[PDB]
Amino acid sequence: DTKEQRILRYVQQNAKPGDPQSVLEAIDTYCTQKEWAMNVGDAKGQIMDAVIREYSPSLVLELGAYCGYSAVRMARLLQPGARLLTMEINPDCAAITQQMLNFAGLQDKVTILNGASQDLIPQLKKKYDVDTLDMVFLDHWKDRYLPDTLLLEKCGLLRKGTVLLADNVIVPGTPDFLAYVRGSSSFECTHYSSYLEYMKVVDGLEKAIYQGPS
């Protein structure tokens, strides 16, 4: 028995199959009541929703799936024929995410890439026929926000207007990523102040929109 297995079991036992919203509510509730977990959460999640609806991205890359929360959260808002790719380094997590998605009936929108973002990113074009990404959600590991951003730019995966949206720019924090995007002419940055999931510690998401080469 693992915490993530408990979360998936709670969903299967409580959420309406095929209804993404009830799946989100089931997760939020269990982690609000029984056991904190690092899902992006409902407060930050509403900000994500608002940004998704603005940009209506056809191709979203997620870094870090975990239990599938934000994948569910995002894919439920995708237009028909839009796809989300999510990268997960931990097999136990990737398979729980696959199940969470299957239960919400979003499996056909979502493709889980198993492995480390740094290894998978260079393989997107060949193995998944990706041209450029419309949106990227950074939410794996703070140390990799900056390295992986440079990777994406280098692998030609960013176009003018690509939206990078980063979670935890305040807690646990991503100082170097923040300083880089805020300092670079290649990004237009906006900060959304929210709260750490299932808590009232202050956190935020950063939107950094790629402007193209300088």
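For every residue, the number given is its place in the sequence shown, counted from 1.
*Asks:* Taking only the CA atoms, which stretch has the higher mean B-factor in the record, 30-38 or 173-181?
*Replies:* Looking at the record's C-alpha B-factors, the answer is 30-38.
*Asks:* Comparing 52-60 with 143-151, which has the greater mean CA B-factor as deposited?
*Replies:* Comparing 52-60 with 143-151, the higher average CA B-factor belongs to 52-60.
*Asks:* Just the C-alpha B-factor column, please: which of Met135, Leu138, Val130, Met74 has the biggest number?
*Replies:* Within the set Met135, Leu138, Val130, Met74, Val130 shows the top C-alpha B-factor.
*Asks:* Splitting the chain's C-alpha B-factors into thirds, which one does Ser117 fall into?
*Replies:* Lowest third - that is where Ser117 ends up once the chain's C-alpha B-factors are sorted.
*Asks:* C-alpha B factor of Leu205, ranked within the chain: lowest, middle or highest third?
*Replies:* For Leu205, whose C-alpha B-factor we compare with every modelled residue in the chain, the answer is the lowest third.
*Asks:* What third of the chain, by the recorded C-alpha B-factor, contains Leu106?
*Replies:* Middle third - that is where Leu106 ends up once the chain's C-alpha B-factors are sorted.
*Asks:* Place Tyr198 in the lowest, middle or highest third of its chain's C-alpha B-factors, as listed in the PDB entry.
*Replies:* Highest third, going by the recorded CA B-factors of the chain.
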